[PDB]
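In the form deposited in one PDB entry, a lone chain appears below as structure tokens.
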């Protein structure tokens, strides 16, 4: 029971929803159908709930990791573009949105986390995680901190856990093995232990969330933060003189971020599939439609080769790609939501001291593997 003749879009509150709304605004100025863009809370958990009932949005935007679960549950329409359109996008990006060899979403942008630093407070960013505790001791003396980032969402902590060997699911033939999980190996335990230690040594606080880390850096009280492209618009308005670069190394290895592909899916239950398709392929996925969204909140490296060509010149995009290169594309299997929930509890229990690192990762491994 969705109302034909309109488009309702769901996008996360951290993305350029006002720019998206302008893209729909000239969709309608030229097609008569109104597009309404919403950013509900926890949309990613709500979608499967109402979509199930034959409700929800026409189009849902999220990183590709949640899409194999939606596809398995029968909530998404298979998209079928065409080889000329497919050719306009980087091939690895359509691979991120293939579920059982079928395409189930349009790729939009490639996101990777980077190290953001205040050049006025730290002209040369550190190359290693290991020098962060000494750096904090000097800034603290001057009333500032070396680094603050969201500790509440496992997405932010995974690059460090993965650096020395942690992994989610082993990719074995061209299949992910759901029984071979790397959350409790020596690599994962070494990274999580370094994090807990920064905490126990008062270099970071266990409660820092997205808001606190973002205000701390935007106000100049912390020299560095770890975030994605979407955060740049707020740093620009704060006028901090910042740099975006490669994440620090841990035990000599590159921090390895999970790479996300912002994707747009069509609810299986919509009577507007062709309008949806119109909208995504001919309006949004254009240099003009992507530019409009990007002005609002930067998208990262886009999937459309044409526009990415324009963006690649920006050192912030170059740093984005370099960290994506060092990282791994997330799986899109249904089990990714179980993985994230288990790791989220493990990290909060370890950081808060409610469990040791070993008991926290062992419980997570257990939980993910049944």
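Positions refer to the first chain, counted from 1.
Separately, the form deposited in another entry exists; it is not shown, and the next lines address it.
Here residue 78 and residue 166 end up in different rigid parts once the change between this form and the one not shown is broken into two. Whereas the displayed form keeps them at a certain spacing, the CA atoms of residue 342 and residue 61 lie at least 3 angstroms farther apart in that other deposited form.
Compared with the form shown, the residue 76-residue 154 C-alpha separation increases in that other deposited form, the change being 3 Å or greater.
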